[PDB]
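Asks: Pasting in a structure now, in structure tokens, and then I'll have a few things to ask.
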Amino acid sequence: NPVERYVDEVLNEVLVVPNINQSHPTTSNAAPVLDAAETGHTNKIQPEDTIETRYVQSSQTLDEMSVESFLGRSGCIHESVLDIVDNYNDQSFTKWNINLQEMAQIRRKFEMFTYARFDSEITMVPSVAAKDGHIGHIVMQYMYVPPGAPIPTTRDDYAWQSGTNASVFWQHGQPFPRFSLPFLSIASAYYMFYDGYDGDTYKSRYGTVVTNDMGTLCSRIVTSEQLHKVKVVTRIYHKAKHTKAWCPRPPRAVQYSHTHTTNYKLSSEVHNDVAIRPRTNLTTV
Amino acid sequence: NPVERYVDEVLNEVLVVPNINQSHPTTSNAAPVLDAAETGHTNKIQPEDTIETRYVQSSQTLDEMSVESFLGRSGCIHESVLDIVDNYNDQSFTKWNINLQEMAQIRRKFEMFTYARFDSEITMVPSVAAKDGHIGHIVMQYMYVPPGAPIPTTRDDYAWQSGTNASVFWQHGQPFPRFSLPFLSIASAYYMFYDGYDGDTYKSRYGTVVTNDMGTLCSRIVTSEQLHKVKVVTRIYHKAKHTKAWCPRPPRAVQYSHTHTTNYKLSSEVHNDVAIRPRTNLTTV
Amino acid sequence: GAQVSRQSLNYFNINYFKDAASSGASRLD
Amino acid sequence: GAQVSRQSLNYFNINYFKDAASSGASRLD
Amino acid sequence: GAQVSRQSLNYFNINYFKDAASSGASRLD
Amino acid sequence: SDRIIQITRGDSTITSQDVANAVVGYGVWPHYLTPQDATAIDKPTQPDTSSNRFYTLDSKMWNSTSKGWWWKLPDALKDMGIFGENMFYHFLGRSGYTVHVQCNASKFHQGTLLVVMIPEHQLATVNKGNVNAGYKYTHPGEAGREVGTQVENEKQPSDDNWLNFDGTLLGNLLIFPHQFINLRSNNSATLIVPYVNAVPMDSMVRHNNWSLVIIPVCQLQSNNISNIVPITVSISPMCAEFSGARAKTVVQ
Amino acid sequence: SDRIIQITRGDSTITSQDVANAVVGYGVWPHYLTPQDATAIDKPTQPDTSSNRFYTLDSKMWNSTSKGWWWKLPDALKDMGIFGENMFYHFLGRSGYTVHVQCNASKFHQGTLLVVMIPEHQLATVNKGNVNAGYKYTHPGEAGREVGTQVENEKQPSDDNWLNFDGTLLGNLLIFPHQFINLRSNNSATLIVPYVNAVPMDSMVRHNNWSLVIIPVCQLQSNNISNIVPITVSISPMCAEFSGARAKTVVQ
Amino acid sequence: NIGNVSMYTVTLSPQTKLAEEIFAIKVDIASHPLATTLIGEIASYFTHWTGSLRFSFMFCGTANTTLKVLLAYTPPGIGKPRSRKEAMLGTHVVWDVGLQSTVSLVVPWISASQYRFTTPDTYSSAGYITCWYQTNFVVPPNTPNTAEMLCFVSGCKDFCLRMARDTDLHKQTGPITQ
Amino acid sequence: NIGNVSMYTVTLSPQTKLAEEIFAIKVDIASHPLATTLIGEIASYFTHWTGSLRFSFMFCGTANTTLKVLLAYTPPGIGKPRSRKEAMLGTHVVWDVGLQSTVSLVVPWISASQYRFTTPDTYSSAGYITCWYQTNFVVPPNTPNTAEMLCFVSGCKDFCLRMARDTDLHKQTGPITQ
Ligand SMILES: *[C@](*)(=O)[C][C][C][C][C][C][C][C][C][C][C][C][C]
Ligand SMILES: *[C@](*)(=O)[C][C][C][C][C][C][C][C][C][C][C][C][C]
Ligand SMILES: *[C@](*)(=O)[C][C][C][C][C][C][C][C][C][C][C][C][C]
Ligand SMILES: CCCCCCCCCCCC(=O)O
Ligand SMILES: CCCCCCCCCCCC(=O)O
């Protein structure tokens, strides 16, 4: 019943964990505690098998541990800066090749899976710093340029007409802009990792750069040159919605160094490169 | 069922492409690959006719390729400038003879058809540049003046009373103004092209200027003269809604030079005038 | 202006203004 | 877009936009 | 989320968000 | 007996009298591509028994200082009979595999090998900036790679076994389909993996789907060190099918 | 129209707008081997579309002095993609064929080619005692043999076109599946032949089942001799299946 | 040839060498020279494409001119064929010129991914189409020794475009005035 | 040992003193050395945890090497046991090495509160797990005198995490560039 299911949603009790049943002393030739990890399987022994347990009714739920929940939180993926220093025409617009590889926080979460499929919610937080005192009337234009569409080379480029591309215009003082993007891949899922090349020569590119081209985000201050200079920083936040993920993997253990690659750097003292805190010895807790 | 149809809308699966069926080897005196282009028809041969295909279920849809979708995106058609330099009374108002011919991006899309009929959604994006520091309280008036109605000659002209004409008043800080316009032609469809004149003499006008008069858009800063000068640029965006189009045509291959005419200019090196990139020879891919 | 369908999955195709030009993008076909 | 349930405790699962990408977080299971 | 009662004096106890913590002050008893 | 296994593929039959069961990657048995998931429209070629048979790679020597070995699929079989020919004559290929790792010693030897099958094992380079692993290095063929032997070059992948050659910790490799060859219990490992990819078929020349990684987690030890203890890998393609026939691709 | 033909095999489609029907050798359409006639017990591999497709051989020039040309099957296709690979990796093979000979000229040209498919065309040597045709000479590959060009050797087969290169008269070749390419009527010949042999499958390396013989019986003549008139042959295996997989046989 | 109708024709003539190459182009829908065709122009208003392409060729020589040509499509993962033998190992059609002047070669959708980028992208390059002499161009005496051929392109029942974008095949470098 | 596969193995050998301690660690899911295990890493993305933990151990000595070991879990409210006698008064498993190489010790959820903090918190410290020689490591002659043991961890049917938070097991100290 969709209404009972509804109540479970409100209470967050869709996925309940099992109870612990009462167990008793045993003397048997069946030894559940013994197994063989060589098989590649995890021994499914439970507490009732090793100790005498009491009956306990569980009230914990796994709803919050769902993939939708884990990846369904909006995190920063880019900080766009438009700093008017000495040339308005050159400094009032910019572009960014879109990716989820530049901020470690969300990158690491998505990379705990090999493939992922989801729709995207993008929320933008623009902040106008009054370097000279006044901000005037700031109007911004954020244009999504799919691969192949002409990229504007000036603040008055004809490409800004946005005759076909999607553009979002924001006016200072109005609420933060937000829009959704359908799953954009030409494949059935996004590659979080890709052990492949775009060719078969020594100069072929390796990794997700080959498969993950999502276009460019071009920004521009629509307002013409003003007396007072401003520094507009637009932070882009991304949230995955309607998510599916496949083939889990070990979490990134070292710092990221570059986009689209698993490359890392190691110091002479490797213990400083990982989160593992050195133990004094085996018996010192 | 309007609900099943509804789901198709949400999923964008209203127009599905056909499947590929499995085919087999053939030895026949029926040769579908042979035909005669002289007839003016396209040979309807499909992949199953030339190779042995496997069965594949298609999941692609043509919804996004619909005329409604193609022309249903808001693009800039005009950039109105009110630059207060040294005379508020003269520089605080302006007018524009409305047309969809000044911006190449949307003009080219509409011109891929001979006739088109649609309602129009106009969205305006005004941006006030504080040339001297402060903007004060900017209130704008955009009046739609149909052909024949009196055009204001001063910022305080009685025509601004808008006793009958539609005027849109916008206050700085408030959301972008927007309104719809019904199909305005005196004909059944707009002429994208018109091989005709408004008379039969050597001085008769030729082309769409004869048929496409949509009036004038008159703008004015309602706010009286302020100490600090501003430059208000209002960008007009147009989107076609409830669209129908007839008789498709070749896309514009060269740059546009003027409104309402197919006139073009050619340099001494014509290959620079078209998008065709010169080939080295016939066998160099 | 409301086209209410039922299937329950009810659809509400609301038209907020009194002129046809005011409605959004057209359905297909 | 409205999924109206009844139990009375009526549920209205409204979808305000016409594209699936627009809806909020997915249900579970 | 809507608890529709009828008596006509219809009551609509709407819950706009999907988490119980989000609802207003509790009824009494 | 639960310790015995016989695997027959085409004209090959492999046996082991000391196994530790078998692992079916992600619980999915390999199968041919269905019309619902297919995209390429030409009829696929399915060599059947001539390709779906066991191919034994070059044996390796396991000693007290071994750091590990890895092979990439389908690369390791690019030169294996009919399977190899098909992967170069066609643009697209698709296949599952039965991997059988072999290593016998004695009841007086001890050692443990971690055998893992990793999907999309995108290798990293260390301290080389944004320079990625060169095509040549990730395509060693049937010889595979012996970790900690290769003289460094700029495009040379990571050889850090404890960091999985990709910046993640060794202890967590168990999240991937795997088995252990613990000399006291078994003399072989068997893993059956299905085709895993975000596309239904792919270029077998530029995309390695699976990587077989073997790391000795417990050092080989005995009181008869002169007796060489080899590791032999036999791999059998399953449901191999190819599409987009043309001339033979020659690499390099 | 009865003058037109379209033949589709795998990813290839051949057309001709001036045909003289088609001949099905001995009235039997090629088919796979049945369990009733089979002898080899391993499961056969059937490449299907990757092997059963048209392979175009090297074109030949037809001039006023041409004596003829011949190709042997499966030899002529030993180097043709997947079909070629399969015939060397397997001891046994079996296949039917669609042979399409092409030759266009003009309505002001005249000439006639006799196109014949001969089963077991055991070639003779002339005036060389009991010395038989050497393996190399009966295995010319896709280049085939141009009659009356080869500089004689001891193991060189007969080049007597009027004696069918075997001691029988040319006029009687019509008892074998054949067609004529008479320039005034047609620009191609099409023959579909089944597998013919005293054994169900055979070694494709040492036994040529069919021989394609093309003899110009009426000299090519026209008043525009500078225009070269080529002859092109396209052959498509049909129901190709192989058995007894092993390493690849290398000949010579 | 650009700026001339001749940029649309391929010339054929009697050959002295056998199996010569006539032309070779990429199959990528928005690559040159396919870019300015109607389908190439429409494809340029979208980001992704899928489906099979139909290439047609009409022989324009005299009614007395004969010819057999081999048209081939080479799937990706290999370079363009250097010879007729290499090319015919792929998808192909042997065209016999006769009463019916036109032939069609279908480039089937053979891709790893369901869609490809319309803009030139290494990962999504679709391959090549080459044309070779199968036999030869032959004419009777007193007949022109060269002839033209026209080439057409259109999409099959499964052609589909996706993700609308602005075209890069047309620009505006200044104001369009009255 | 960090930076070496040996950081994952515990060495066992013939003892001269009886009931010697082999190892001792905290049971706290996100404490070291449990922190970098998959369960420790996932737990670090949450604020609260509950449930029982399953610790497994695989002996890697020769087939001729024997051993009996005592694995114990000491509930909180007391220090880590200083002797085998002290440790066995708590929850424990006596592991006999044989045909089956692996044994599992379950750390039952024994807490005052229904949940505990994943971050080290005095009030919610879960206790300790110690390992002691029950008998001794015994081998025949001509057999290696030391052997390794591997240790694993996973959650039981009732393991559960709550209140998502950002992890402290990974950081970004600079820009990640192209
Ligand atoms: C249609 O022509 C009129 C549009 C009316 C707009 C108001 C829509 C909200 C209706 C809410 C009514 C609730 C029913 C009890
Ligand atoms: C669903 O596809 C359409 C969404 C319509 C959004 C308007 C929802 C409010 C409906 C109020 C109607 C009151 C009934 C009388
Ligand atoms: C409850 O769980 C869902 C809350 C939905 C919020 C929208 C309430 C307005 C519904 C108007 C519908 C009009 C009926 C025709
Ligand atoms: C325009 C705002 C940014 C839109 C991001 C959505 C795209 C997600 C694809 C992730 C692929 C990757 O980063 O490798
Ligand atoms: C007042 C804002 C502009 C309204 C534009 C709608 C009129 C469309 C008619 C197009 C005719 C043409 O441009 O040739």
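Methodologically, a virtual Cβ is constructed for each residue, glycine included, from the backbone with ideal geometry; neighbour enumeration extends over all protein chains shown. Bear in mind that the values in this text are calculations on the coordinates, not laboratory data.
Asks: Just to verify a number: FRET efficiency for G:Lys43 and A:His41, C-beta to C-beta distance, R0 = 25 Å, to 0.05?
Replies: So the FRET efficiency works out to roughly 0.15.
Asks: Can you give the longest run of chain G that contains no GluC sites (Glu not before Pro) sitting in a DSSP loop with at most 11 other Cβ atoms inside 10 Å? Intermediate values should be presented prior to the final figure.
Replies: Numbers: sites that count: G:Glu152, G:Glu154.
With GluC sites (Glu not before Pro) excluded where exposed in loops, chain G gives G:1-151 as its longest stretch.
Asks: Give the separation of the Cα centroids, segment A:85-116 to segment I:25-40, in Å.
Replies: Each part's Cα centre sits 33 Å from the other's.
Asks: Please compute the length gained on full extension between B:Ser267 and B:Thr211, using 0.36 nm multiplied by the number of residues separating them and subtracting their Cα-Cα distance.
Replies: 17.0 nm
Asks: Let me know the mean shielding of F:113-122 by other chains, meaning the per-residue number of their Cβ atoms within 10 Å of its Cβ.
Replies: The mean count of partner-chain Cβ atoms within 10 Å per residue comes to 5.
Asks: Listing B:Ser92, E:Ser26, A:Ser267 from the residue with the fewest other Cβ atoms within 10 Å to the one with the most, what is the order?
Replies: By the 10 Å Cβ count, ascending, the order reads E:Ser26, A:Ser267, B:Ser92.
Asks: Quote the FRET efficiency, to the nearest 0.05, computed for E:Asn15 versus G:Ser226 with a Förster distance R0 of 60 Å and r equal to the Cβ-Cβ distance.
Replies: Efficiency, rounded to the nearest 0.05: 0.05.
Asks: Could I ask something else about it? Across segment A:169-175, in residue order, what do the Karplus-derived ³J(HN,Hα) couplings come to in whole Hz, using 6.51 cos²θ - 1.76 cosθ + 1.60 with θ = phi - 60° and x for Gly and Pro?
Replies: Values, residue by residue: 9, 10, 10, 3, x, 7, x Hz.
Asks: Relative contact order (percent) for segment G:1-152, with alpha-carbon contacts under 8 angstrom and 6 or more residues of separation?
Replies: Details: 114 pairs, mean separation 42.1, N = 152.
Relative contact order, segment G:1-152: 28 percent.
Asks: Separate question: Return a whole-number percent for the relative contact order of chain I, with Cα pairs under 8 Å and 6 or more residues apart as the contact set.
Replies: Numbers: 352 pairs, mean separation 74.4, N = 178.
With pairs under 8 Å counted, the relative contact order is 42 percent.
Asks: For chain B, what are Rg and Dmax over the alpha carbons, in angstrom?
Replies: Both quantities, over Cα of chain B: 26.2, 89 Å.
Asks: Can you list the residues, at least 5 places off or on another chain, whose amide H is less than 5 Å from the amide H of H:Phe46, using H built in the peptide plane?
Replies: The answer is H:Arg165.
Asks: Turning to a different aspect of this structure: Using just the alpha carbons, could you tell me how many Å³ per residue the convex hull of segment F:9-92 encloses?
Replies: On the way: hull volume 14.0 nm³, N = 84.
Value for segment F:9-92: 167 Å³ per residue.
Asks: Highest mean first, what order results for A:268-276, I:40-48 on Cβ atoms within 10 Å?
Replies: Going by the mean number of other Cβ atoms within 10 Å, highest first, we get I:40-48, A:268-276.
Asks: With r defined as the distance between the Cβ atoms of G:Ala124 and G:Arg184 and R0 fixed at 22 Å, what FRET efficiency is calculated, to the nearest 0.05?
Replies: That pair, G:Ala124 with G:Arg184, gives E of 0.05.
Asks: Continuing with this model, one more query. When we measure straight from the Cα of G:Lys43, which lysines land under 22 angstrom away, once same-chain ones fewer than 8 places off are left out?
Replies: Excluding near neighbours in sequence, the set is F:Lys43, G:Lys248.
Asks: Now, a different point. Mind jotting down the distance between the C-alpha centroids of segment F:73-128 and segment F:158-193, whole Å?
Replies: A separation of 13 Å, based on Cα centres.
Asks: What does the net charge come to around F:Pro44 if you take all other residues with beta carbon closer than 15 Å to its beta carbon, with K and R at +1 and D and E at -1?
Replies: Around F:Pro44, the charge tally is -3.
Asks: While we're here: If you fit an axis through the alpha-carbon atoms of helix B:2-11 and take the longest principal axis of the Cα set of chain B, what angle between them do you get, 0 to 90°, nearest 10?
Replies: Roughly 90 degrees, rounded to the nearest 10.
Asks: Need the list of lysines near F:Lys107 for cross-linking: C-alpha distance under 27 angstrom, and skip anything on the same chain fewer than eight residues off.
Replies: Cα-Cα hits under 27 Å: F:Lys60, F:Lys67, I:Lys68.
Asks: Which shape class applies to segment I:97-168: rounded if a/c is under 1.5, otherwise prolate when a/b exceeds b/c and oblate if not, where a ≥ b ≥ c are the square roots of the Cα gyration tensor eigenvalues?
Replies: Since a/c reaches 1.5 and a/b is larger than b/c, the shape of segment I:97-168 is classed as prolate.
Asks: Further, regarding this structure: If we sort F:38-49, A:79-90, H:127-138, H:56-67 on the protection proxy, mean other Cβ atoms within 10 Å, highest first, what's the order?
Replies: Numbers: F:38-49: 23.2, A:79-90: 13.2, H:127-138: 25.7, H:56-67: 18.6.
Result, highest mean first: H:127-138, F:38-49, H:56-67, A:79-90.
Asks: According to a simple spin-label model (label point 7 Å from Cα along Cα-to-Cβ), what is the distance in nm between B:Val81 and B:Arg178?
Replies: 2.8
Asks: Let me ask something additional. Partner chain Cβ atoms within 10 Å, averaged over the residues of B:229-236 - can you pull that number for me?
Replies: 3
Asks: Then there is this: Counting helices only, and only those DSSP H runs with n ≥ 4, report the 222 nm mean residue ellipticity of chain I as the sum of -39,500 (n - 2.57) divided by its residues, in deg cm²/dmol to the nearest 500.
Replies: The helix contribution divided over chain I gives -1500 deg cm²/dmol.
Asks: Plugging the Kirkwood radius over Cα pairs into Stokes-Einstein for chain F, at a temperature of 20 °C and a viscosity of 1.002 mPa s, what D comes out in µm²/s?
Replies: It comes out at roughly 113 µm²/s.
Asks: Please order I:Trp109, F:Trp29 by the number of other Cβ within 10 Å, starting at the fewest.
Replies: F:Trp29, I:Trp109
Asks: Something else about it: Which order results if G:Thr168, A:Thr153 are arranged by neighbouring Cβ count within 10 Å, fewest first?
Replies: A:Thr153, G:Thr168
Asks: Sorted from shortest, what are the nm distances separating the label point of A:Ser204 from equivalent points in the other copies, each placed 7 Å from Cα along Cα to C-beta?
Replies: Inter-copy label distances (nm, one decimal, shortest first): 6.6.
Asks: Counting other C-beta atoms within 10 Å, and keeping those with at most 12, which DSSP coil trypsin sites (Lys or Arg not before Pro) do you find in segment H:67-100?
Replies: Sites meeting the loop and neighbour criteria: H:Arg82.
Asks: Which net charge results for the neighbourhood of B:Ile84, defined as the other residues with beta-carbon distances under 9 angstrom from its beta-carbon, given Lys and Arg at +1 and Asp and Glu at -1?
Replies: Spelling it out: positives minus negatives among the neighbours equals 0.
Asks: Which whole-Hz ³J(HN,Hα) couplings does segment I:92-108 yield from phi under the Karplus relation 6.51 cos²θ - 1.76 cosθ + 1.60, θ = phi - 60°, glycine and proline marked x?
Replies: My calculation for segment I:92-108 gives 7, 9, 9, 8, 9, 6, x, 3, 8, 5, 10, 10, 10, 10, 9, 9, x Hz in order.
Asks: Oh, and also: Per Stokes-Einstein, at 4 °C and 1.567 mPa s, what whole-number D in µm² s⁻¹ belongs to segment B:108-161, with the Kirkwood radius over Cα pairs as the hydrodynamic radius? Provide the component values of the computation, followed by the final result.
Replies: Numbers: Rh = 15.7 Å.
Roughly 82 µm²/s, to the nearest whole number.
Asks: Going by Cα centres, segment I:41-97 and segment B:259-285 are how many Å apart?
Replies: First find each Cα centre; the distance between them is then 79 Å.
Asks: Inside 10 Å of the C-beta atoms of B:105-112, what's the mean count of C-beta atoms belonging to other chains? Mind dumping the intermediate values first?
Replies: On the way: counts 14, 5, 5, 8, 5, 1, 0, 4.
So the per-residue partner count for this stretch is 5.
Asks: Next up: When chain H is turned about an axis onto chain I, which of its residues keeps its C-beta closest to that axis, and how many Å is it?
Replies: Nearest Cβ to the rotation axis, residue and whole-Å distance: H:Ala164, 31.
Asks: For each pair in I:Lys26/I:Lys85; F:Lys72/F:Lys155; B:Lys95/B:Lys241, compute the distance between the two Cα atoms and list the pairs where it is over 23 Å.
Replies: Table pairs above 23 Å Cα-Cα are B:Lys95/B:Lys241.
Asks: Same structure again: For A:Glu64, which inter-copy label distances result when the label point lies 7 Å beyond Cα on the Cα-to-Cβ vector, reported in nm to one decimal and in ascending order?
Replies: 3.8
Asks: Please give, to one decimal in nm, the separation of the simple spin-label points placed at D:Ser8 and B:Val16, each 7 Å out from Cα toward the Cβ.
Replies: 3.4
Asks: On to the next question. At q = 0.04, 0.06, 0.09 Å⁻¹, what is the base-10 log of I(q)/I(0) for the protein assembly as shown according to the Debye formula with one equal point scatterer per Cα and no solvent? Please give it to two decimals.
Replies: Result of the Debye calculation: -0.35, -0.77, -1.33.
Asks: Which whole-number percentage describes the relative contact order of chain A, with Cα contacts under 8 Å and a sequence gap of 6 or more?
Replies: 27
Asks: Still on this structure, I have one more. All other residues with a Cβ under 12 Å from the Cβ of H:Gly155 taken together, and with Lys, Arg as +1 and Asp, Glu as -1, what is their net charge?
Replies: Residues near H:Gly155 contribute +2 overall.
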